[PDB]
Amino acid sequence: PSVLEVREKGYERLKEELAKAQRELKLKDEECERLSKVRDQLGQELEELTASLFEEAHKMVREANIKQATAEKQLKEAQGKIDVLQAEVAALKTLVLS
Amino acid sequence: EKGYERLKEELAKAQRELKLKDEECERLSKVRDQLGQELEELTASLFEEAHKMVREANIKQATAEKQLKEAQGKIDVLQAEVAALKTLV
Amino acid sequence: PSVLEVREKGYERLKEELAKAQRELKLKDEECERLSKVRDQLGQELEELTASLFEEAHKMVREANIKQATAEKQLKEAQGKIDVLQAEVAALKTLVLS
Amino acid sequence: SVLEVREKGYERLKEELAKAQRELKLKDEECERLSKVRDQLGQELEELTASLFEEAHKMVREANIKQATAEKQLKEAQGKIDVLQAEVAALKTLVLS
């Protein structure tokens, strides 16, 4: 009797709730897709920035090595000049002290 | 250097948000599945009820038709007796 | 080569493995979407078939009720005719008795 | 045989739907597995990246230190050259006096 009417009402009601859940799930899925694409773009940008930072570090190391090598070569020349000047200094001091 | 840490934190935040909404989507999917199963069981019950209604309606129809046939046979007998009695008169 | 060209090899190796996992995951996701659409189409078709079966059931019930009602009305007519014929049988029996 | 016909078609389509459901569930589990693998690889790449940054900073600092040392020793050598040249000028001024 009335239980059958509650059964048909429950059938159409449950069908409508199922459709509503489908709509909500589809909408939130699309939102998840948007956020996933945003996440991928941010990841790629961070990837490029990371590579750029690594290259920049290597470049700075190379430049420091170049300046170091220049300073060391100029140091060798300066040491030879120091040896010459010290020999001439010893000669002059020995000449004065007589 | 500032851009690296900022962008990194933004990426981590986007990861957290995406994970949250994904888990919510999974919850809604499970709810949807439960509703579908409930509709399946209710549908089966409704089919059993429908078969019951068809069988009962067919039974009642057969009963009414049978009683009509019996009444028609009785009419035939009574008409034969009426014809015989009128032939007697 | 140094740290740059060694950690570049390892870094790019792990990076490529991650890219491979991402591509495979995307492919399987797309297949899940296709199969999900197939499932939805089959479900909707099952809904239509179910509705058709219910409508057919109600139609058969209605037709059976119609035939039953016709048989009952004709039964009432038959009962009245039986009453008339029985009255005529008793009356003619009384006439022949006299 | 009405019920057998409608039951046959209904159960046929229902069984096809069940098959689609099983396939979808299997592929979903596969997607979850692949997602976990992807996450593990991503975390490993994060840790490796941090290590690479620490090592890179180490290399930059050490290279700058070595450059500063060589330049400082060069400055000391230049100062010593200036001192020795002043001593040569003074001594030659004494000899020429």
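Residue numbers (PDB author numbering), protein chains in the order written: chain D, 149 to 246; chain C, 155 to 243; chain A, 148 to 245; chain B, 149 to 245. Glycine included, every Cβ here is placed at the ideal spot set by N, Cα and C.
{"Check": "Counted within 10 angstroms of its Cβ, other Cβ atoms place A:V243 as buried (16 or more) or exposed", "Outcome": "exposed"}
{"Check": "CB contact flag (A:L151, B:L189, <8 Å)", "Outcome": "no"}
{"Check": "Pairwise C-alpha distance: C:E192 and D:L162", "Outcome": "8 Å"}
{"Check": "Enclosing alpha helix (DSSP H) for C:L182 [first to last residue]", "Outcome": "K156 to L242"}
{"Check": "Residue-level contact to chain G via CB, C:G227, 8 Å cutoff", "Outcome": "The question asks about chain G, but that chain is absent: this structure's protein chains are D, C, A and B."}
{"Check": "Helix, strand or coil at A:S149 according to DSSP, with G and I counted as helix", "Outcome": "helix"}
{"Check": "Secondary structure of D:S184, DSSP reduced to three states", "Outcome": "helix"}
{"Check": "Buried versus exposed call for C:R170 [16 or more other C-beta atoms within 10 Å across all chains shown]", "Outcome": "exposed"}
{"Check": "Positions along the segment 190 to 207 of chain D whose CB lies within less than 7 Å of some CB in chain B", "Outcome": "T198, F202 and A205"}
{"Check": "Between the CA atoms of C:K206 and B:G157 - distance to the nearest angstrom", "Outcome": "20 Å"}
{"Check": "The segment 170 to 186 of chain D contacting the segment 229 to 242 of chain D, beta-carbon criterion three pairs below 8 Å", "Outcome": "no"}
{"Check": "Partners in chain C for A:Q221, counting only beta-carbon separations shorter than 7 Å", "Outcome": "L222"}
{"Check": "Short CB-CB distance (under 8 Å) between A:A211 and chain B", "Outcome": "no"}
{"Check": "Closest residue to D:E195 among C:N212, C:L165, C:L242 and C:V243 (Cα-Cα distance)", "Outcome": "C:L165"}
{"Check": "Proximity test, Cβ basis, 8 Å: C:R160 and chain D", "Outcome": "no"}
{"Check": "Straight-line Cα distance separating B:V236 from D:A235", "Outcome": "10 Å"}
{"Check": "Cα-Cα separation, D:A239 to D:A226", "Outcome": "20 Å"}
{"Check": "Separation of A:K167 from D:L197, as counted between CA atoms", "Outcome": "21 Å"}
{"Check": "Proximal residues to C:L232 (C-beta, below 6 Å), its chain only, five neighbours per side dropped", "Outcome": "none"}
{"Check": "Beta-carbon separation (whole angstroms), A:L222 vs C:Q215, contact threshold 8 Å", "Outcome": "About 12 Å; that fails the 8 Å criterion."}
{"Check": "Alpha-carbon spacing of C:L172 relative to B:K184, whole angstroms", "Outcome": "15 Å"}
{"Check": "Neighbour-count burial assignment, D:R210, 16 or more Cβ in a 10 Å radius", "Outcome": "exposed"}
{"Check": "Span separating the alpha-carbon of B:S149 from that of B:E155", "Outcome": "10 Å"}
{"Check": "8 Å Cβ cutoff met for D:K176 and C:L182", "Outcome": "yes"}
{"Check": "Residue from C:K223, C:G157 and C:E235 whose Cα sits closest to the Cα of D:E193", "Outcome": "C:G157"}
{"Check": "Min CB distance residue 267 of chain B to chain D below 8 Å", "Outcome": "The first residue shown for chain B is 149 and the last is 245, placing residue 267 of chain B beyond what the model contains."}
{"Check": "For B:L244, the three-state DSSP class (helix, strand or coil)", "Outcome": "coil"}
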